[PDB]
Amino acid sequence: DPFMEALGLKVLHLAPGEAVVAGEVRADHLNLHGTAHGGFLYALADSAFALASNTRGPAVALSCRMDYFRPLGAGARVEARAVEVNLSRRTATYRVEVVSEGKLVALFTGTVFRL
């Protein structure tokens, strides 16, 4: 996955209906304020979401929600754990927990359309 590679993300776990993607907040991932850009954290969660959902077959994202809990500084190590919440014939929903230093720093919820 080109975008994952460009952001330095690595797949740490993969299994039917689940996936864990990890990354570090690099200098090129910061916002003008000096903390991890919301787009980087979302990209991380979205990547785990994409991998987990696709273990069930071709699927395209329809709607996703991202809830931010704590700002992250440069160098922060982050892991996104995707878990299957619902699996229907035409759609599926996943929860992705973004964790750093053993605490939940963001929560992602997404639904895909199964091709």
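Sequential numbering from 1, following the sequence displayed.
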**Request:** Take the C-alpha B-factors listed in the entry for 54 to 62 and for 37 to 45, compute each mean, and give the stretch with the larger one.
**Result:** 54 to 62
**Prompt:** So 103 to 111 or 10 to 18, which one's hotter by mean CA B-factor in the entry?
**Reply:** 10 to 18
**Fill in**
Chain-relative C-alpha B factor for residue 80 (record values, thirds): the lowest
**Message:** Ranking the modelled residues of this chain by C-alpha B-factor as given in the entry, is residue 29 in the lowest, middle or highest third?
**Reply:** lowest
